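As a starting point, one isolated chain is supplied in C-alpha cells, in the form deposited in one PDB entry.
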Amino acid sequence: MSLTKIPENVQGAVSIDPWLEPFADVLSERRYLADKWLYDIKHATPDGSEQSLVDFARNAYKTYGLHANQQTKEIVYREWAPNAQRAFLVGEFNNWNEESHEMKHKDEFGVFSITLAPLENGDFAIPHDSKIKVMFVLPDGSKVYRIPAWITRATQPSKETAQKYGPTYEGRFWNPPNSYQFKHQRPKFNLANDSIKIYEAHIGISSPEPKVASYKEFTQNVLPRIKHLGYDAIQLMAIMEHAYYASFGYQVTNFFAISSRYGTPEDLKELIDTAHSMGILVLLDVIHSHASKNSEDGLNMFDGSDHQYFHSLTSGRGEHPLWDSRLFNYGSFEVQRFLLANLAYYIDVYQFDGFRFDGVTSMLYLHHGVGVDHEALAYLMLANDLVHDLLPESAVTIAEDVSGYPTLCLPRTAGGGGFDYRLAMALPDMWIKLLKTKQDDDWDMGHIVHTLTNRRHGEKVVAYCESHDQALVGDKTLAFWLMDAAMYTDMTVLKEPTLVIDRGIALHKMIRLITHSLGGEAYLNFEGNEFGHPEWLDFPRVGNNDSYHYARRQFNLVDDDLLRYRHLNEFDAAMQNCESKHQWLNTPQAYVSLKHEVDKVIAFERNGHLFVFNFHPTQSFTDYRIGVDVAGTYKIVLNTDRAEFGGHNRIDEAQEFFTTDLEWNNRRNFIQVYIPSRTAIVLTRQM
C-alpha cells in the first residue's frame, strides 16, 4: 500500500514516458548525484560563494596549462600532479636543464606552479613553438618526463628525433606573434526550431591525394563543396590530438591540442571562421569516454601514480575491455575540472558550436556495452549543463550511444541526460540487411516504416543511412552494396547504364531521402557518400603497409559532368536545400498514410509536406492515389527522377496537383501522381 512516489526531480521524464515509472527512484538518484556535483563545482571558489558553471570551466583553462602574458612578457605554468614530489619545467629554452626551473610551489590541491620572468632582452622566456616537457621527481627519487596535460600543441617527432628517442610526440609552447582574429559571427541557429543537417568530415582524408591534407586545404577546397550541398553543420572528427592516425581520432593523447598533422591552431580557427562566414555550424568530436594508454605524450601514469586521471588497474575499473585505453575517474574533482574546461576551451578558443560525445555507451555502463555507471553519466549531465550554458538556445550536443539508454536526450530539468540528439546508430544495418539478404520484391514496407519511426518520445535523433563506421575497412558502403566496384567506364553518362547501375543510382537517392524525411529529427552524411564515393576508407596501419591509398576522398569525381557521381551529388544538394526551404527534420513525426506491401509504395505527410516513395523493383504507377489532409494545390519540390540527379526525367515537375474532396487512406482528400518504378517525390502545398 506504499504509494508509488515519483520524486519531483524526475517528474518531467516520467510524464514524457510513463514507462519510466518503476525506475523513477534510480533515475532520481542518478540526477541527484549530478546536481550535487553541480553544487560542488559552483561553490569551488576562494570564499565558497556561488559562481556560474561557465566561469568555473573558463577560469580552469585560463589558469591551467601554460599562459604567455603578452603585456608583461611573463609566462605562467601550473600542473596538477599530487603523487609527484617535485616538478621541473624543461625544454629547448633551458637546454633541458633539470635544476634551473623548478616548480617550487605545490598547492594544497596538489598543483605545481612556476612563473618565468621575461629575458633581459624582454623576450618571452620560451621561444614560440619550441619544445618543452615537465619532469616529475617521485618520492622514491626516480624521474618521469611528460607533455603538459593542457598543452595546446603536440607534434610528431622528426625522422632524426624518432630514430634517437622513438615515436613519442613532442610538446610545443604555442605562442604565435599574431594569433588569428575571428571575423565572422556564429550562424543564426536555434536548436529548438531549426533543422541541423550535418556533414561528417575528417581533415586528413579530405583530398584526392594519399597524404594528410591540411586545415588550409579543407578551408579552401572542401568548405565550398559543403556550402553547395547546403548542410547546416560540419561534424569534425579526429581533431583532438591523437598519435595514432588509424585510430580515426579515438585514441586521444593530448586533450587540449588540436591535431598538428593538419596544421596549426591558427589554421583551424580560420577554417571554423570561414565556415561561419558561409553560414555553417562546426561541431567537434569529443572523446571523453577514455584516453590513450600512452605515457609521456599521454596521461597514463602522468604523475607516476596509477590513481590520478584514471581508475587504477587493480580497481578493476581502470581499463577498457577492447580499446586498450584508460578509463577516467569522473569522481575526482580535478578530472571533472579537466574535462569540463576542455569543453569550454573548444567552444571559446576555436568557436566550435557544439559537440558529439563519442563512446557514450562505454561510459554509461559498468561493463561498457561488453549496471549504469552513475559517475560517468553524471559527468555527461554536467557536460550538457556547461555546453548549453556556453551558447544558450543554440548549442548542440549529440550522443553516440548505441544502447539507446532511456532519458539520455531528455532535458536535465526533466531528469534526463540533457543531450539534444542521439545518433540513430541502428538505421544503417536495416539497409544492409535488405541489400544483403532480401531481393527487391521481398522488401517489407511495414518493417521499413517501423524501423525508421521507432524513436523514443522526446529523444530527438540524428538519422543517417550510413556513417563513418560503414565507410571504413571491414564494411561495405551503400554504393558498394548497390553497384559493387563500378569503374569510370561503368559510370559514364555517354552510355545507358546497366540494370545494376540504374538500380543502384535510383536506390541510392531513395534510401537517403526516406532516411532524411522519415528516420529522425536531424540528418548526417559521412564525407563522400553524398556522391556515392567508390571503394572504402582505410588509414595507414601495419595491416596495409601504411598505405594512404584509401586515406583520401576522390572529390574530383563530383567535378566530372560525364560521370554519374555528379548526379548523386546534385541530388544531395537539392535534398538539403529542399528541407531548408520546406522544413521537415526538426518537426513531429510523420503521419504515414500508406505502406502498401504489394505495390511497394510508402507515402506520408510531415509538417504539411507530401512524401511518396515507389520502391517497386519493376512496376510504374499512373494516377496513383495519395491521401492528403490539407486541401489545395500541390507542386513537386524534389524529384529523384530528375535528369540532373541521374534519373530518366519521366515525371513532370511543372504539374499542378489539385486535391479532390473524397476520402482516401483515412485522409479527407487525395491527389493522383505518376511514380515510375524506383522513384520518389516530395510535394508542397501552394499558398
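Note that residue numbering begins at 1 and tracks the sequence as displayed. Whichever C-alpha set is largest while still superposing within 1.5 Å between the two forms counts as the rigid core.
Not pictured, yet referred to below: the form deposited in another entry.
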property: Shifted position (C-alpha, 2 Å or more, core held fixed) between the shown form and the other one, chosen from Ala574, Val612, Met491, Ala201; result: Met491
property: Rigid core superposed: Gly458 CA moves 2 Å or more between the shown form and the other one; result: no
property: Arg261 C-alpha relocation of at least 2 Å between the shown form and the other one, rigid core basis; result: no
property: Is_shifted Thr72 between the shown form and the other one (CA, 2 Å cut-off, rigid core); result: yes
property: Note on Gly318-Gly404 C-alpha separation in that other deposited form, which departs from the shown form by 3 angstroms or more; result: closer
